[PDB]
């Protein structure tokens, strides 16, 4: 059929089990609205995208600090 077996839109299979200071991050990215498990991505300068459990608090912290200057 047209649609593949399990073609993802903008979700994540695994998150990051470490810490990444906001200073060491360029921008962020959100997941589509098809998956039943939201995830906040964080594109790194040298590293690729970084998924983080939105449930955590540290996530919202950086998301707010980014807007602040």
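Here, residue 1 is simply the first one shown, and the rest follow in order.
Cβ coordinates come from backbone N, Cα and C, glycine included.
Going by Swiss-Prot, these are the annotated features:
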type: DISULFID; residues: 11-35; note: disulfide bond
type: DISULFID; residues: 12-51; note: disulfide bond
**Q.** Cβ neighbour count (within 10 Å, all chains shown) around residue 12 (disulfide bond)
**A.** 20
Q) Taking the Cα atoms as reference points, how far is residue 35 (disulfide bond) from residue 12 (disulfide bond) in Å? A) 9
(Q) Let me check the 10 A CB neighbour count of residue 11 (disulfide bond). How many other CB atoms are there? (A) 15
(Q) In the three-state scheme derived from DSSP, which category covers residue 51 (disulfide bond)? (A) strand
Q) Out of 35, 51, which of the disulfide-bonded residues is least crowded by other Cβ atoms within 10 Å? A) 35
Q. In whole Å, how far is residue 11 (disulfide bond) from residue 51 (disulfide bond) when you measure between their Cα atoms?
A. 9
